[PDB]
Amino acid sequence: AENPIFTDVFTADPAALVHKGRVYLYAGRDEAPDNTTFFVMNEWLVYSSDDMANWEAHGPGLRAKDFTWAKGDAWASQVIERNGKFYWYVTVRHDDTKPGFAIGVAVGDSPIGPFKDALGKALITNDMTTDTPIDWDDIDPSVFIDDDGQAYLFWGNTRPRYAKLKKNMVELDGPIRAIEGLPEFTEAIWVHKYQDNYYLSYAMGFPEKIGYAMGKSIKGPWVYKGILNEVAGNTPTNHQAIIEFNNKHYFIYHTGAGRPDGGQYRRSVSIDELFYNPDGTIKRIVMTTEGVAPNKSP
């Protein structure tokens, strides 16, 4: 379970879920030939584990070009289960009909697919959010289903936003709302709940750290609580996912510590353990070479 956990490919922008006693881990595959130009990402890979230490590779689960309305760029994504189906929210570069990055959604009958575009068009297009002129604000989706059954889509670079999702998971319900209270917000929202607190962690500043805020409701208000993760080894992007599995908590992220020539466009998923303080704040992550111990259900 030494970090990075996969040595034969470069993996980035991790997301994870727990389904029938296995963790499923989703990540973009970095195919950039070096760290000199830009991200080259075409497909997302799927892995699974019953102990957080030994991982089964399932191969590509989805490709950016699977969305007929996308140019490419298999950017940050997240998968969630509802009512027996799996909804995969993706960042992709939209074709020129609606210039800029966008958020798509695919649907699958199992955690490993087969996945297909659930809409045949984008869920969020760049032109739906014009309070900033940049064309990469509509990236990095995070999805959450609250205890009352209301689902929510969070996203954004520069401008943090969320909206309710309909029960079908593929349609917005009501207004796109701006989120307040996240100082130095950059991108990469992850939302989770533990006991009676909600947590919104995010990439903060640039080069990126991870900051986080706590709320008593999924609607906020969000109260900033400080740095969750220092700048990650040899990468300016710091992209995280937090899950609870078998009575432990896991901070899944990426570094540029892989070989050969890991770096900003050739990243590697890593995992370390996450610990709560009694008051529900989170101890700052310690990023390690050793990673996590096996934690299989007895």
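All residue numbers refer to positions in the sequence shown, first residue = 1.
222-230 set against 164-172, stretch whose average Cα temperature factor tops the other in the entry | Averaging CA B-factors over each stretch, the winner is 164-172.
Greater mean Cα temperature factor according to the PDB record, 29-37 or 249-257 | Mean B over CA atoms: larger for 29-37.
Checking the entry, which one of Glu244, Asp66, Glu273, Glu43 has the top C-alpha B factor?
-> Top of the list by C-alpha B-factor: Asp66.
Looking at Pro133, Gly215, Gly156, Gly205, which has the biggest Cα B factor in the entry?
-> Most elevated C-alpha B-factor of the set, per the entry: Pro133.
In terms of the CA temperature factor given in the entry, to which third of its chain does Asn277 belong: lowest, middle or highest?
-> As the PDB entry reports it, the C-alpha B-factor of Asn277 lands in the highest third of its chain.
Lowest, middle or highest third: where is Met128 by Cα B-factor in its chain?
-> According to the entry, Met128 has a C-alpha B-factor in the chain's highest third.
Lowest, middle or highest third - CA B-factor, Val9 | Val9: CA B-factor falls in the highest third of its chain.
Which third, lowest, middle or highest, does the CA B-factor of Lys121 fall in along this chain?
-> Its C-alpha B-factor, which the entry lists for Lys121, ranks in the highest third among residues of this chain.
Relative C-alpha B-factor of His192, binned into the chain's lowest, middle or highest third | Answer is lowest: the recorded C-alpha B-factor places it there.
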